[PDB]
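S.K.: Experimental structure and its sequence below.
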Amino acid sequence: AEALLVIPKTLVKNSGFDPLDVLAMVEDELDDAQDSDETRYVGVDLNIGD
Amino acid sequence: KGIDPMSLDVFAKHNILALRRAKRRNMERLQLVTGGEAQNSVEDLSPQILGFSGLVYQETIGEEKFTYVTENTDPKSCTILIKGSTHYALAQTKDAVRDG
Amino acid sequence: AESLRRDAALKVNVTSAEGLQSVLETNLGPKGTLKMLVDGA
Amino acid sequence: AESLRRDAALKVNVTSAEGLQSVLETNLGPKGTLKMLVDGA
Amino acid sequence: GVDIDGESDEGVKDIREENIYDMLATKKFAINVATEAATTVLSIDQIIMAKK
Amino acid sequence: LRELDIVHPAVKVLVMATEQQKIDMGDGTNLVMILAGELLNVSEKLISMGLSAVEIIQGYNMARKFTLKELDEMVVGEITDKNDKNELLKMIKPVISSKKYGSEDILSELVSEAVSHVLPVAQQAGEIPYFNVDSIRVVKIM
Amino acid sequence: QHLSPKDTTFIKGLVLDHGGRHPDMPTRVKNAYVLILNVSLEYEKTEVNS
């Protein structure tokens, strides 16, 4: 499971962005989606950073 | 095949576009795009052998010249023209097109 | 009387993978880096 | 270019603690080992 | 503009006196080529070579 | 550049871009190589500053589009393409300049006169090309 | 290798390398008929030089 998270950390590593900062922002959005019964996909935006 | 200099003045009065030194593999796909069958003998030529094509215009370049068979009703074929200024720009673009 | 515990060995096989990974690490993604490779040609 | 912006000599401070850890890891607990030191006098 | 001088002068002088101009086709084409030239060098973080 | 032996393959990148200036426009080869070399010096300070080279490349793409839009507003005069002997003196003078000193006055009338001989009489027609690159040959004699 | 990559366009048909070169050929021909001709339109010589 930890070996599959290197891909989103690699995309932000070349641009100089903090891989740990963008990792916590995605996990915070996935917690709100588990409570609701809807389906929403989350992804990393390299241009904006969020 | 080639073209003799005698027929150059004949095709100019009728504005008949002439070509020479054609690739054998490229002519096999012309039967699908144009629709006309290859005619070996003019004595057996039929009026239905003539195909259909759109606007044909040749670009003017000193080193080489191009012929556009494009704008066809049912071409059933495509060609991706790769342009570039340098040599590495052609290898990078060719890799991006084949990956897409 | 010769017998061993079969030491882990391994190592460099993974270490060589880390050096090769860093070559393609910066080459992946739209924001990655483009590297030049010319061998003998 | 100038300055440094790499502190990586810091890993020696962690590596120096790794050697002391492996020494004191074996003698920890009732199943540990009894260490012996000799000055030579 | 920039004056070469070579004898004497005070400050700069007008270029329109000598009518020294540059065409747009030459200047505009030189910008796109020089931009992509430095882009390739900055984009290459690794170089692999081999002896012949 | 063709008569020099290149060792590092990164140098050939600037050489290939320099040849593009000579083939198409034929002028400005010194402007391309010098400007490309300075962009690396200003980018070296950004590397030591900690700025990644990815955003440096993206910054030049935004600055290049802003520069091309300002080139149309910097145009002072417009060449009427009269092909007159006196009108061609304005374009040829800076070309001979910054190369050989003292010959700019003598070679201005010699080059401008040979161009008007090979060009026919036409105006406002760009369909059929006239001036080629082989129309002017240079010979030497002791 | 001539034109820049920014000026590239899509080709619906097929393009060929060596075309016919004549000064009086028209620039644009609309609705042209394509006819494959396998016979030689140029003078031929004996296998031995003559």
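M.R.: Sure thing, it's come through. Numbers count the residues shown, from 1 in each chain, chains lettered A, B, ... in the order given.
S.K.: State the phi and psi torsions of the residue in chain B that chain F sits nearest to.
M.R.: Closest to chain F within chain B is residue B:86: 4.8 Å, counting by Cβ to the nearest Cβ. For every residue, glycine as well, the C-beta is placed using N, CA and C. The phi and psi values for residue B:86, taken as degrees, to the nearest 10, are phi -110, psi -180.
S.K.: Residue G:1 versus that one, what's the distance?
M.R.: Per Cβ to Cβ, to the nearest Å, residue B:86 is found 8 Å from residue G:1.
S.K.: Give me the most central residue, chain A.
M.R.: Nearest to the mean C-alpha position of chain A, by Cα atoms, centre = their mean, lies residue A:26 at 3.6 Å.
S.K.: where does chain B come near chain F, residue by residue?
M.R.: Counting by Cβ under 8 Å from any Cβ of the partner chain, chain B comes close to chain F at B:60, B:85, B:86, B:87, B:88.
S.K.: what helix or strand does the residue in chain E that chain G sits nearest to sit in?
M.R.: As assessed by Cβ to the nearest Cβ, chain G sits closest to residue E:32 within chain E, at 8.1 Å. Using DSSP states H and E, the element containing residue E:32 is helix E:24-43.
S.K.: how about the CA coordinates for that helix, as CSV?
M.R.: In CSV, the C-alpha atoms belonging to helix E:24-43 read as follows (Å, rounded to 0.1, in the frame of the first residue of the first chain):
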residue,chain,number,x,y,z
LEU,E,24,10.6,42.2,-37.6
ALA,E,25,10.9,38.9,-39.4
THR,E,26,14.5,38.6,-38.2
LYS,E,27,13.9,39.7,-34.6
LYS,E,28,10.7,37.7,-34.1
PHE,E,29,12.2,34.5,-35.5
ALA,E,30,15.3,34.8,-33.2
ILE,E,31,13.2,34.9,-30.1
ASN,E,32,11.4,31.6,-30.6
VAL,E,33,14.7,29.8,-31.5
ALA,E,34,16.6,31.3,-28.5
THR,E,35,13.7,30.4,-26.2
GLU,E,36,13.6,26.7,-27.2
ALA,E,37,17.4,26.5,-27.2
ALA,E,38,17.8,27.4,-23.5
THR,E,39,14.7,25.4,-22.7
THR,E,40,16.4,22.1,-23.8
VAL,E,41,19.5,22.7,-21.7
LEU,E,42,17.5,23.5,-18.5
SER,E,43,15.2,20.5,-19.0
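S.K.: Pull out the buried residues from it.
M.R.: Judged by neighbour count (16 or more other Cβ atoms under 10 Å in any protein chain shown), helix E:24-43 contains these buried residues: E:26, E:29-43.
S.K.: got it, and stretch A:43-50?
M.R.: Buried residues in stretch A:43-50 (16+ other Cβ under 10 Å): A:44, A:46.
S.K.: hmm, that stretch in reach of chain C?
M.R.: Yes - Stretch A:43-50 comes into contact with chain C (Cβ under 8 Å from any Cβ), by way of residue A:46.
S.K.: got the phi/psi numbers for the residue sitting furthest away from the middle of chain F?
M.R.: Taking Cα atoms, centre = their mean as the measure, the residue most remote from the mean C-alpha position of chain F is residue F:50, 35.1 Å away. Note on residue F:50: its backbone torsions stand at phi 110, psi 0 [degrees, to the nearest 10].
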